[PDB]
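These notes are about the structure you will find just below.
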Protein chains: 2
Amino acid sequence: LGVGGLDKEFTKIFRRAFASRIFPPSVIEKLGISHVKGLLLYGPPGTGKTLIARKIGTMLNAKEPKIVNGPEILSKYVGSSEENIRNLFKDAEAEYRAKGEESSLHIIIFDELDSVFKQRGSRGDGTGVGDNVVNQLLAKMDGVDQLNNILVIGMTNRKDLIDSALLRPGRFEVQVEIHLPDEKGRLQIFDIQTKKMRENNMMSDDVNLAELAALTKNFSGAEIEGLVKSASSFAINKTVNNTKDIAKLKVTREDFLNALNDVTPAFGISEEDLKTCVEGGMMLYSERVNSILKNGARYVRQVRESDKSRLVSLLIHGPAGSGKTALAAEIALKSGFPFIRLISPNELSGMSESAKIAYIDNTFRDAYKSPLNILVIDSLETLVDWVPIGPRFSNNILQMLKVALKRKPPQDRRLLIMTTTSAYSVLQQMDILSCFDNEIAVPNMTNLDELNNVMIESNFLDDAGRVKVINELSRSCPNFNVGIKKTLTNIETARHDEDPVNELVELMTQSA
Amino acid sequence: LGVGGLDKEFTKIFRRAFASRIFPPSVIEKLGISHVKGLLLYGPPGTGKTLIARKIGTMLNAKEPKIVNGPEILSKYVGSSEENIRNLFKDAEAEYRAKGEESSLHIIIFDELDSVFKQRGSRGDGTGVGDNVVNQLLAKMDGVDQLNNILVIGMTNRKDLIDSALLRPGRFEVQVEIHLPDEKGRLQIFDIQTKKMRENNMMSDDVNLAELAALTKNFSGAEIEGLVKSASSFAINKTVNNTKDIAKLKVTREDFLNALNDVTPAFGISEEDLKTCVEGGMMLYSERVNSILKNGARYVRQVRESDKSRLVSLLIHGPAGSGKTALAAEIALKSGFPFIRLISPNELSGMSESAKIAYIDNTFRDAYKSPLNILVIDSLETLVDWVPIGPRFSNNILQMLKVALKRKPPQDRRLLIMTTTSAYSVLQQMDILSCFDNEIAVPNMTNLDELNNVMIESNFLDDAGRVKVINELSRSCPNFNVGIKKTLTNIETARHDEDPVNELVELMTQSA
Ligand SMILES: Nc1ncnc2c1ncn2[C@@H]1O[C@H](COP(=O)(O)OP(=O)(O)OP(=O)(O)O)[C@@H](O)[C@H]1O
Ligand SMILES: Nc1ncnc2c1ncn2[C@@H]1O[C@H](COP(=O)(O)OP(=O)(O)OP(=O)(O)O)[C@@H](O)[C@H]1O
Ligand SMILES: Nc1ncnc2c1ncn2[C@@H]1O[C@H](COP(=O)(O)OP(=O)(O)O)[C@@H](O)[C@H]1O
Ligand SMILES: Nc1ncnc2c1ncn2[C@@H]1O[C@H](COP(=O)(O)OP(=O)(O)O)[C@@H](O)[C@H]1O
């Protein structure tokens, strides 16, 4: 005991990796079988793998597990690395000659395994550093030097990089996956972490753990440890400057609520980028805008409450300066989904091409590990480096994006994608219009009534003047055609001049 | 005894490689012949090669075979690699001086042979690691230092890489192939594996091995051994938590049936990818769909009960959104074949060009080792990276695929191939249309009756409302042209709205 939220996995591991070790050697001999010598656990970081490995050892009363780290061995000098691997198994070798089939169990943990394979074959074999450890390790548990006391546990974050040679029977025969916890699991983790405080009357009676289990929506276990530590920090600092009356120390609900603002999770919301940069006003100057927002809300609920629709892709298009991005963000912030991210040119500035591919792929990879997700892609045509003189563009990134937009996430998960563009004709010429499930159009302003609404909404000036602007434009140029960004960047400059009324009309004539 | 399914090969090996060692030396000298010093076995892994190697030795009462692993020798430092070969034969050299012609037989096993040749000539010769072992090895069995007590066995999974110089007489004269077992072979392997349970009264009376032999369709030996071990795991875990009344332990049929869900074989069915990703509905909305499914069933039965047709290939083509892939998958799952795989852009994402070529070639190789096989190739034009601005595309992959679609499998095996494409004219220009034997076209929806059927079958809403949609469309736009995918996306997006009828009408008019 000491682990929460992983009952089913625990039963599965114990049935296969350890159950046969409990029985006396006689019956195992009489059945005619041989023990399992490899187990592979995979999943995201900070989720509780090493803890399971450690706690299973305590029931069997084996020795304390030895631990080894991948880059440690790989980074040492060649000769030392070659000599190192033989030093790990010495104790297990000795006890076998001592006691044979009655020997006690020895458990070895191997961490960041994939790092050994993550290199080109030429460098791995010519240098030999990558291949040497793998070969010696397989020799010690499969070949003629077979040693019958050991059990090896390997831990990885990316299963697809492990070579298939290692997965066949006789080597790493059992594989298990660990998931981010759900609400009930987090309730248990909170209990395990606050037990010691609760049992010494150092925790206040206003704390309700069921509510915290609902606020911490997409957290892992390590994050919960951090949250408790920060809460305790509040209570400790309130008394220092070391004083009398330490015996009345107690943590309180306010401490936790303030703690939430200091620990931010991975797999969370990129709040600042969406809120500040992309949204500096929202005003309902026409019926079309309200229509667009209602359609967006439709799609959000559609994704949230159906099992047929687990991938929806949309394209928002229109002229430059119309409003696209701000709309996308506005749809995202009202959703309430736990996971939201955006890919934009700002993030990829200053990189080489290969780096760009790696970044995009890791982002999509991370989107596949939570129950609900949203992704925003900004200005597709710029990510591909389009210039029309050549024309010139990067084909590899285009193919990466083309494949990513159609793939479906695994195991009853679901995501939504929004993308924004200003060069619809180019996308038509590159024939990737078959990826998007629906299209939305954003038009400019073309009636003077809309202008009046915008002026009313931004507190331009009293009615008497706003009438004059419309009257002058009525026969200056009644057929104008301008976006919203420009209109709201001409009102700003007009306000700080000496003749507001005569300045805005001229700027509007010029833009049209 | 201890091996099953390989009687013919046992006879043929014993007749050539060993029969001469039994006779007294007088008669062998008296005929004037010489013993054979090389034997090569090739076949897929986990099929029983080292087993036969060990078992043949115990009849002759030779010394326990020494074993050496290729990459082990190649990965060591250069000096020790050159020195170590000479240590392998030391004992054999000793006994020859000791006793002369009357010595006993010495048997040396060499594993993963092809690895030594799998390198460029420049690196192999300049470094010398690859060439040195080969040269020193041939010296000991062919040259003036010929040693007359040894026998060398080579073991490899790919014969095409071994150089033709080694196979000539005096070196590795005899070559043999190992196959995956057929039904009777599996029936024998089960007996060999379950003997010790049966002889100690630890196996129930309901287990019938003839049924298990028929369920496990493309298993090799190692998978059958793992299957027995997993069933034992079930029987053991049911008591723990180590108790009284261990003596009544017994395995049972339920355990085997449950064990089938835990061991998944190579050369099996990739169920999840075909089932989940590709099929999220199937509804018979017209006569053309019935016709297509019936044609597919026809071809399957053709491939299964004829000797003249050992290779068939089909092309399914039509507009984007028509239904293609889901059809292919539907035809595949109903077939009941043992082996099914598919190649799609998802598996090849993020690879270099050389890696892609290697992956495709390995897949086609793995297809040629079972009686019946199905392959599905999805979105051909995306595999080649087509973009029409240049145009730009990869020529090497195209030539690889063009060769692969005509090659016929060896030795009375047979396969069926299906491929899907949306760019028929592009392939017309590439001139690869001569590879396919038949062509199927999938059309779009063009009648209101079909739409009625689709609405009825998806439970859209009660009849009273269902009639009104058809009424309104009958005079809004009677000549519409839309695929199935977009229809089933508009339906769902109209169920979660406040006025389903108007919303559906507007969307469907826009798509048409
Ligand atoms: N109703 C509205 N719709 C859209 N944007 C609005 C609205 N009201 C105010 N705005 C503001 O107007 C600005 C619109 O500029 P935005 O960056 O979204 O343009 P864009 O279409 O993405 O153009 P670009 O081609 O330059 O990327 C934002 O600051 C947004 O907050
Ligand atoms: N009778 C049917 N025929 C084909 N597809 C059907 C049928 N009934 C339902 N569907 C559904 O139609 C959906 C769309 O089909 P599918 O994904 O195979 O299209 P596609 O031709 O591969 O398109 P793309 O151009 O995107 O590659 C599938 O999810 C399938 O489940
Ligand atoms: N399921 C869990 N229950 C309780 N504590 C957990 C859990 N998962 C992680 N932890 C906390 O995480 C810390 C160690 O996690 P760690 O060993 O880093 O996992 P990983 O295998 O991801 O490295 C411990 O201090 C432990 O309290
Ligand atoms: N044809 C067979 N008959 C009996 N046992 C087999 C057979 N094939 C494989 N096995 C099982 O496989 C194990 C050894 O296979 P292995 O020596 O790894 O063959 P190879 O490595 O040459 O493919 C043994 O435990 C044996 O019980």
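In the structure tokens, chains take letters A, B, ... by order of appearance, with residues numbered from 1 within each chain and ligands from 1 in the order shown.
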Tell me, counting only C-alpha atoms, for each residue of chain A within 7 Å of chain B, which pair of atoms is nearest and how far apart they are in Å to one decimal, in rows ordered by chain and increasing number, as JSON lines.
{"residue": "A:15", "atom": "CA", "partner": "B:237", "partner_atom": "CA", "distance": 6.0}
{"residue": "A:16", "atom": "CA", "partner": "B:233", "partner_atom": "CA", "distance": 6.3}
{"residue": "A:19", "atom": "CA", "partner": "B:237", "partner_atom": "CA", "distance": 6.3}
{"residue": "A:30", "atom": "CA", "partner": "B:196", "partner_atom": "CA", "distance": 6.8}
{"residue": "A:31", "atom": "CA", "partner": "B:197", "partner_atom": "CA", "distance": 5.3}
{"residue": "A:32", "atom": "CA", "partner": "B:196", "partner_atom": "CA", "distance": 6.1}
{"residue": "A:33", "atom": "CA", "partner": "B:229", "partner_atom": "CA", "distance": 6.2}
{"residue": "A:128", "atom": "CA", "partner": "B:75", "partner_atom": "CA", "distance": 6.0}
{"residue": "A:132", "atom": "CA", "partner": "B:75", "partner_atom": "CA", "distance": 6.1}
{"residue": "A:135", "atom": "CA", "partner": "B:72", "partner_atom": "CA", "distance": 6.5}
{"residue": "A:169", "atom": "CA", "partner": "B:222", "partner_atom": "CA", "distance": 6.8}
{"residue": "A:298", "atom": "CA", "partner": "B:497", "partner_atom": "CA", "distance": 7.0}
{"residue": "A:302", "atom": "CA", "partner": "B:496", "partner_atom": "CA", "distance": 6.5}
{"residue": "A:403", "atom": "CA", "partner": "B:345", "partner_atom": "CA", "distance": 6.9}
{"residue": "A:430", "atom": "CA", "partner": "B:387", "partner_atom": "CA", "distance": 6.4}
{"residue": "A:434", "atom": "CA", "partner": "B:320", "partner_atom": "CA", "distance": 6.9}
Sorted by chain and rising residue number, list the residues of chain A at most 10 Å from ligand 4 (counting only C-alpha atoms and all ligand atoms), each with its closest atom pair and distance in Å to one decimal, as JSON lines.
{"residue": "A:33", "atom": "CA", "partner": "ligand 4", "partner_atom_place_in_ligand_line": "25 (O)", "distance": 9.8}
{"residue": "A:34", "atom": "CA", "partner": "ligand 4", "partner_atom_place_in_ligand_line": "25 (O)", "distance": 9.8}
{"residue": "A:142", "atom": "CA", "partner": "ligand 4", "partner_atom_place_in_ligand_line": "18 (O)", "distance": 9.5}
{"residue": "A:143", "atom": "CA", "partner": "ligand 4", "partner_atom_place_in_ligand_line": "18 (O)", "distance": 9.9}
{"residue": "A:168", "atom": "CA", "partner": "ligand 4", "partner_atom_place_in_ligand_line": "18 (O)", "distance": 10.0}
{"residue": "A:169", "atom": "CA", "partner": "ligand 4", "partner_atom_place_in_ligand_line": "18 (O)", "distance": 8.8}
{"residue": "A:170", "atom": "CA", "partner": "ligand 4", "partner_atom_place_in_ligand_line": "18 (O)", "distance": 8.4}
- request: Find the spatial neighbours of residue 506 (chain B), counting only C-alpha atoms, within a cut-off of 12 Å - ignore same-chain residues fewer than 2 positions away - and output them as a count of residues only.
  value: 20
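Considering only C-alpha atoms and all ligand atoms, the residue among B:461, B:41, B:260, B:327 positioned nearest to ligand 2 is B:327.
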Chain A near ligand 3 within 8 Å: what's each residue's closest atom pair and its distance in Å to one decimal, counting only C-alpha atoms and all ligand atoms, ordered by chain then ascending residue number, as JSON lines?
{"residue": "A:2", "atom": "CA", "partner": "ligand 3", "partner_atom_place_in_ligand_line": "4 (C)", "distance": 6.4}
{"residue": "A:3", "atom": "CA", "partner": "ligand 3", "partner_atom_place_in_ligand_line": "3 (N)", "distance": 4.1}
{"residue": "A:4", "atom": "CA", "partner": "ligand 3", "partner_atom_place_in_ligand_line": "3 (N)", "distance": 4.5}
{"residue": "A:5", "atom": "CA", "partner": "ligand 3", "partner_atom_place_in_ligand_line": "1 (N)", "distance": 5.8}
{"residue": "A:6", "atom": "CA", "partner": "ligand 3", "partner_atom_place_in_ligand_line": "1 (N)", "distance": 6.7}
{"residue": "A:43", "atom": "CA", "partner": "ligand 3", "partner_atom_place_in_ligand_line": "22 (O)", "distance": 8.0}
{"residue": "A:44", "atom": "CA", "partner": "ligand 3", "partner_atom_place_in_ligand_line": "22 (O)", "distance": 6.7}
{"residue": "A:45", "atom": "CA", "partner": "ligand 3", "partner_atom_place_in_ligand_line": "22 (O)", "distance": 4.1}
{"residue": "A:46", "atom": "CA", "partner": "ligand 3", "partner_atom_place_in_ligand_line": "22 (O)", "distance": 3.1}
{"residue": "A:47", "atom": "CA", "partner": "ligand 3", "partner_atom_place_in_ligand_line": "22 (O)", "distance": 4.1}
{"residue": "A:48", "atom": "CA", "partner": "ligand 3", "partner_atom_place_in_ligand_line": "8 (N)", "distance": 3.6}
{"residue": "A:49", "atom": "CA", "partner": "ligand 3", "partner_atom_place_in_ligand_line": "21 (O)", "distance": 3.4}
{"residue": "A:50", "atom": "CA", "partner": "ligand 3", "partner_atom_place_in_ligand_line": "21 (O)", "distance": 4.2}
{"residue": "A:51", "atom": "CA", "partner": "ligand 3", "partner_atom_place_in_ligand_line": "17 (O)", "distance": 5.1}
{"residue": "A:155", "atom": "CA", "partner": "ligand 3", "partner_atom_place_in_ligand_line": "21 (O)", "distance": 7.7}
{"residue": "A:181", "atom": "CA", "partner": "ligand 3", "partner_atom_place_in_ligand_line": "1 (N)", "distance": 7.7}
{"residue": "A:185", "atom": "CA", "partner": "ligand 3", "partner_atom_place_in_ligand_line": "1 (N)", "distance": 7.7}
{"residue": "A:188", "atom": "CA", "partner": "ligand 3", "partner_atom_place_in_ligand_line": "3 (N)", "distance": 7.6}
{"residue": "A:189", "atom": "CA", "partner": "ligand 3", "partner_atom_place_in_ligand_line": "3 (N)", "distance": 5.1}
{"residue": "A:192", "atom": "CA", "partner": "ligand 3", "partner_atom_place_in_ligand_line": "4 (C)", "distance": 6.3}
{"residue": "A:193", "atom": "CA", "partner": "ligand 3", "partner_atom_place_in_ligand_line": "27 (O)", "distance": 7.0}
{"residue": "A:220", "atom": "CA", "partner": "ligand 3", "partner_atom_place_in_ligand_line": "8 (N)", "distance": 7.0}
{"residue": "A:221", "atom": "CA", "partner": "ligand 3", "partner_atom_place_in_ligand_line": "9 (C)", "distance": 4.1}
{"residue": "A:222", "atom": "CA", "partner": "ligand 3", "partner_atom_place_in_ligand_line": "12 (O)", "distance": 4.6}
{"residue": "A:224", "atom": "CA", "partner": "ligand 3", "partner_atom_place_in_ligand_line": "11 (C)", "distance": 7.9}
{"residue": "A:225", "atom": "CA", "partner": "ligand 3", "partner_atom_place_in_ligand_line": "27 (O)", "distance": 6.5}
Got time to write the residues from that selection, N, CA and C atoms, as a CSV table (one decimal), in the first residue's frame?
chain,number,residue,atom,x,y,z
A,2,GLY,N,0.3,2.4,-0.5
A,2,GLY,CA,1.1,3.6,-0.7
A,2,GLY,C,1.0,4.0,-2.2
A,3,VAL,N,0.1,3.5,-3.0
A,3,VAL,CA,-0.1,3.9,-4.3
A,3,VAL,C,-1.6,3.9,-4.6
A,4,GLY,N,-2.1,4.8,-5.4
A,4,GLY,CA,-3.5,5.0,-5.6
A,4,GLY,C,-3.8,5.2,-7.1
A,5,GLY,N,-5.0,4.7,-7.4
A,5,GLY,CA,-5.5,4.9,-8.8
A,5,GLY,C,-5.1,3.9,-9.8
A,6,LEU,N,-4.4,2.8,-9.4
A,6,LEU,CA,-3.8,1.9,-10.4
A,6,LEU,C,-4.1,0.4,-10.0
A,43,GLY,N,4.6,5.1,-20.5
A,43,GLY,CA,3.6,6.2,-20.3
A,43,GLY,C,4.3,7.5,-20.0
A,44,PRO,N,3.5,8.6,-19.7
A,44,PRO,CA,4.1,9.9,-19.6
A,44,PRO,C,4.8,10.1,-18.3
A,45,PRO,N,5.6,11.1,-18.2
A,45,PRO,CA,6.5,11.3,-17.0
A,45,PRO,C,5.8,11.8,-15.8
A,46,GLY,N,6.3,11.4,-14.6
A,46,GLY,CA,5.7,11.8,-13.3
A,46,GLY,C,4.4,11.1,-13.0
A,47,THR,N,4.2,9.9,-13.6
A,47,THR,CA,2.9,9.2,-13.4
A,47,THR,C,2.9,8.1,-12.4
A,48,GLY,N,4.1,7.6,-12.0
A,48,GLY,CA,4.2,6.6,-10.9
A,48,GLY,C,4.8,5.2,-11.2
A,49,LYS,N,5.7,5.1,-12.2
A,49,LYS,CA,6.2,3.9,-12.6
A,49,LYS,C,7.3,3.3,-11.6
A,50,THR,N,8.3,4.1,-11.3
A,50,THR,CA,9.3,3.7,-10.4
A,50,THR,C,8.7,3.3,-9.0
A,51,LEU,N,7.6,4.0,-8.7
A,51,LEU,CA,7.0,3.7,-7.4
A,51,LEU,C,6.4,2.3,-7.3
A,155,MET,N,11.8,1.2,-18.5
A,155,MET,CA,10.8,2.3,-18.4
A,155,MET,C,11.1,3.3,-19.6
A,181,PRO,N,-4.3,10.0,-14.2
A,181,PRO,CA,-5.4,9.6,-13.3
A,181,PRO,C,-6.7,10.4,-13.6
A,185,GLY,N,-9.1,8.7,-8.8
A,185,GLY,CA,-7.7,8.5,-8.6
A,185,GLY,C,-7.1,9.7,-7.8
A,188,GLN,N,-7.8,9.7,-4.2
A,188,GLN,CA,-7.0,8.8,-3.5
A,188,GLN,C,-5.6,9.4,-3.3
A,189,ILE,N,-5.0,10.0,-4.3
A,189,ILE,CA,-3.7,10.5,-4.2
A,189,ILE,C,-3.6,11.6,-3.2
A,192,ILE,N,-3.4,9.9,0.2
A,192,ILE,CA,-2.1,9.3,0.5
A,192,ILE,C,-1.1,10.4,0.8
A,193,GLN,N,-1.2,11.6,0.2
A,193,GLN,CA,-0.2,12.6,0.4
A,193,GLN,C,-0.5,13.4,1.7
A,220,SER,N,-0.9,15.4,-12.7
A,220,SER,CA,-0.3,14.1,-12.4
A,220,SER,C,0.1,14.1,-10.9
A,221,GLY,N,0.7,13.0,-10.4
A,221,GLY,CA,0.9,12.9,-9.0
A,221,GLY,C,2.0,13.8,-8.5
A,222,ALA,N,3.1,14.0,-9.2
A,222,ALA,CA,4.2,14.9,-8.8
A,222,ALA,C,3.6,16.3,-8.6
A,224,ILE,N,0.7,17.1,-7.6
A,224,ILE,CA,0.0,17.1,-6.4
A,224,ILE,C,0.9,17.3,-5.2
A,225,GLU,N,2.0,16.5,-5.2
A,225,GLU,CA,3.1,16.8,-4.2
A,225,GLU,C,3.5,18.2,-4.2
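What separates CA of residue 455 (chain A) from atom 22 (O, counted along the ligand's line) of ligand 1 is a distance of 21.3 Å.
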message: Just to confirm, what's the straight-line distance from CA of residue 114 (chain A) to CA of residue 352 (chain A) in Å (one decimal)?
response: 24.5 Å
Once you count only C-alpha atoms and all ligand atoms, what closest atom pair and distance in Å to one decimal does each residue of chain B within 9 Å of ligand 2 have, with rows by chain and rising residue number, as a tab-separated table?
residue	atom	partner	partner_atom_place_in_ligand_line	distance
B:277	CA	ligand 2	29 (O)	8.1
B:278	CA	ligand 2	29 (O)	6.1
B:279	CA	ligand 2	31 (O)	4.2
B:280	CA	ligand 2	31 (O)	4.1
B:281	CA	ligand 2	31 (O)	4.0
B:282	CA	ligand 2	8 (N)	3.8
B:283	CA	ligand 2	8 (N)	4.5
B:284	CA	ligand 2	1 (N)	5.2
B:285	CA	ligand 2	1 (N)	6.3
B:286	CA	ligand 2	1 (N)	8.2
B:289	CA	ligand 2	1 (N)	6.3
B:290	CA	ligand 2	1 (N)	9.0
B:317	CA	ligand 2	21 (O)	8.5
B:318	CA	ligand 2	21 (O)	7.5
B:319	CA	ligand 2	25 (O)	7.0
B:320	CA	ligand 2	25 (O)	3.7
B:321	CA	ligand 2	23 (O)	4.0
B:322	CA	ligand 2	21 (O)	4.4
B:323	CA	ligand 2	4 (C)	3.6
B:324	CA	ligand 2	21 (O)	4.2
B:325	CA	ligand 2	18 (O)	4.0
B:326	CA	ligand 2	18 (O)	3.9
B:327	CA	ligand 2	4 (C)	5.8
B:328	CA	ligand 2	18 (O)	8.3
B:329	CA	ligand 2	18 (O)	8.7
B:378	CA	ligand 2	22 (O)	8.3
B:379	CA	ligand 2	27 (O)	7.0
B:420	CA	ligand 2	22 (O)	8.1
B:421	CA	ligand 2	27 (O)	8.2
B:422	CA	ligand 2	25 (O)	6.9
B:442	CA	ligand 2	21 (O)	8.9
B:454	CA	ligand 2	8 (N)	8.6
B:483	CA	ligand 2	14 (C)	8.4
B:484	CA	ligand 2	12 (O)	5.7
B:485	CA	ligand 2	14 (C)	4.2
B:486	CA	ligand 2	14 (C)	7.9
B:487	CA	ligand 2	12 (O)	8.9
B:488	CA	ligand 2	12 (O)	7.3
Can I get the selected residues back with C-alpha atoms, as a PDB file, in the first residue's frame?
ATOM      1  CA  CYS B 277      -9.959   3.564 -37.391  1.00  0.00           C
ATOM      2  CA  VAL B 278     -11.497   2.636 -40.737  1.00  0.00           C
ATOM      3  CA  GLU B 279     -15.070   1.578 -39.890  1.00  0.00           C
ATOM      4  CA  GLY B 280     -17.468   3.715 -37.866  1.00  0.00           C
ATOM      5  CA  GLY B 281     -20.619   2.737 -39.729  1.00  0.00           C
ATOM      6  CA  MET B 282     -21.806   0.589 -42.613  1.00  0.00           C
ATOM      7  CA  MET B 283     -25.259   1.090 -44.124  1.00  0.00           C
ATOM      8  CA  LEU B 284     -26.606  -0.242 -47.409  1.00  0.00           C
ATOM      9  CA  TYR B 285     -28.110   2.859 -49.002  1.00  0.00           C
ATOM     10  CA  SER B 286     -28.285   1.693 -52.643  1.00  0.00           C
ATOM     11  CA  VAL B 289     -23.091  -0.902 -52.705  1.00  0.00           C
ATOM     12  CA  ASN B 290     -24.591  -4.399 -52.696  1.00  0.00           C
ATOM     13  CA  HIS B 317     -11.082   4.711 -57.324  1.00  0.00           C
ATOM     14  CA  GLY B 318     -13.506   7.609 -57.088  1.00  0.00           C
ATOM     15  CA  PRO B 319     -13.949  11.198 -55.898  1.00  0.00           C
ATOM     16  CA  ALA B 320     -12.800  12.391 -52.496  1.00  0.00           C
ATOM     17  CA  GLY B 321     -15.250  11.402 -49.774  1.00  0.00           C
ATOM     18  CA  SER B 322     -16.855   8.524 -51.677  1.00  0.00           C
ATOM     19  CA  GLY B 323     -16.286   5.595 -49.251  1.00  0.00           C
ATOM     20  CA  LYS B 324     -13.245   3.738 -50.604  1.00  0.00           C
ATOM     21  CA  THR B 325     -11.171   2.755 -47.575  1.00  0.00           C
ATOM     22  CA  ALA B 326     -14.088   1.646 -45.412  1.00  0.00           C
ATOM     23  CA  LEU B 327     -15.103  -0.654 -48.253  1.00  0.00           C
ATOM     24  CA  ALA B 328     -11.663  -2.217 -48.511  1.00  0.00           C
ATOM     25  CA  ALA B 329     -11.565  -2.867 -44.767  1.00  0.00           C
ATOM     26  CA  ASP B 378      -4.128   3.231 -48.869  1.00  0.00           C
ATOM     27  CA  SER B 379      -3.773   6.594 -50.633  1.00  0.00           C
ATOM     28  CA  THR B 420      -7.046   2.996 -53.116  1.00  0.00           C
ATOM     29  CA  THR B 421      -6.537   6.302 -54.953  1.00  0.00           C
ATOM     30  CA  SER B 422      -8.276   9.625 -55.643  1.00  0.00           C
ATOM     31  CA  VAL B 442     -17.445   4.226 -56.381  1.00  0.00           C
ATOM     32  CA  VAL B 454     -29.592   7.268 -44.855  1.00  0.00           C
ATOM     33  CA  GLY B 483     -20.377  12.193 -50.811  1.00  0.00           C
ATOM     34  CA  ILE B 484     -21.340   9.982 -47.889  1.00  0.00           C
ATOM     35  CA  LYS B 485     -18.794  11.294 -45.353  1.00  0.00           C
ATOM     36  CA  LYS B 486     -19.967  14.899 -45.583  1.00  0.00           C
ATOM     37  CA  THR B 487     -23.572  13.750 -45.290  1.00  0.00           C
ATOM     38  CA  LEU B 488     -22.899  11.843 -42.094  1.00  0.00           C
TER      39      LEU B 488
END
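Going from CA of residue 65 (chain A) over to CA of residue 106 (chain A), you cover 7.2 Å.
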field: Which of A:61, A:438, A:291, A:370 sits closest to ligand 1 [using only C-alpha atoms and all ligand atoms]
entry: A:291
query: So which residues touch residue 301 (chain B) within 12 Å, counting only C-alpha atoms, skipping near sequence neighbours fewer than 3 positions away, as a count of residues only?
result: 17
